[PDB]
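Okay, here's what each chain looks like letter by letter:
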Amino acid sequence: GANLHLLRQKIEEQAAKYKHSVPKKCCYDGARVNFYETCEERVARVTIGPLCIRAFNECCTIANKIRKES
């Protein structure tokens with residue numbers, strides 16, 4: 001299956017680029033598996049704030065790429 005160590009490491013690395021806790025959490029949340037929707041569909045649902053949205057989408061994108069490169 002997908003390399004979970006790698007996924008965790010890359011998401012940790014990205015989260016470190018955000019200054020504050022809420023965008024870090026948004027990143028982690030975007031990185032969680034979702035079998036039914038793409039990153040664009042998922043982030044379209046989130047309205048917490050623009051930095052949160054950016055983090056969610058970027059981390060979603062990173063995670064899903066690692067999942068598909070299994």
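Residues numbered from 1 in each chain as written, not as in the entry; some residues may be left out. Heavy atoms only, no water.

(A) The state of the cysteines, seen in detail. Following the criterion strictly, the structure yields three disulfides and no others. Disulfide pairing is shown between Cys26 and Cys52; the S-S distance is 2.0 Å. Between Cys26 and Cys52, the S-S torsion sits near -95°, and that sign places the bridge as left-handed. Residue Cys26 is found in helix α2 (residues 21-31), and its partner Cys52 is found in helix α4 (residues 50-68); the two are separated by 26 residues along the sequence. In this model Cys27 forms its disulfide with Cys59; the gap between the sulfur atoms is 2.0 Å. In this structure, the disulfide formed by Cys27 and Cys59 twists by about -85° around the S-S bond and is classed as left-handed. Here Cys27, found in helix α2, pairs with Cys59, found in helix α4; they are 32 residues apart in sequence, far enough to count as distant. Residues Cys27 and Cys59 agree in their burial class; the two are buried. Sequence-ordered numbering of the bonded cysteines in the chain gives a disulfide pattern of 1-4, 2-5, 3-6. (Disulfide = S-S within 2.5 Å. Helix = DSSP H or I, 4+ residues; strand = E, 2+ residues; numbered from the N terminus. Buried < 20%, exposed > 50% of the residue type's maximum accessible area, 1.4 Å probe, protein only.)

(B) Inspection of α4 at higher detail. The end-to-end C-alpha separation of α4 is 27 Å, in line with the 27 Å expected for 19 residues at 1.5 Å each. Here the buried face of α4 lies against α1 (4-15), α2 and α3 (39-43). (Expected span 1.5 Å × (residues − 1). Contact = heavy atoms within 4.5 Å.)

(C) The arrangement of the UniProt feature "disulfide bond" in the chain in detail. UniProt pairs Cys27 with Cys59 in a disulfide, and the structure agrees, placing their sulfur atoms 2.0 Å apart, under the 2.5 Å limit. In this model the annotated disulfide between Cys39 and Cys60 is intact, with an S-S distance of 2.1 Å against a 2.5 Å threshold. With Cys39 in helix α3 and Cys60 in helix α4, this residue pair connects regions lying 21 residues apart in the sequence. With respect to class, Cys39 is no different from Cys60; both count as buried. (UniProt positions renumbered as here; feature names shortened; annotations may be inferred.)

(D) Summary view of the packing of α1 against α4. Where α1 meets α4, the closest approach of the two axes is 10 Å, and the angle between their N-to-C directions is 160°. Taken together, α1 and α4 sit at an angle that is classed as roughly antiparallel. For the pair α1 and α4, the crossing hand works out as right-handed. Residue-level contacts link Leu6, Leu7, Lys10, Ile11 and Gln14 of α1 to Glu58, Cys59, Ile62, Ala63, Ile66 and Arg67 of α4. Its residues placed into classes, the contact of α1 with α4 shows seven nonpolar, one polar and three charged. (Axes fitted to C-alpha atoms, helices over the stretch in contact; angles between N-to-C directions. Parallel < 35°, antiparallel > 145°, perpendicular 65-115°, else oblique. Left-handed = near helix turned anticlockwise from the far one by under 90°. Nonpolar A, V, L, I, M, F, W, Y, C, P; charged D, E, K, R; others polar.)

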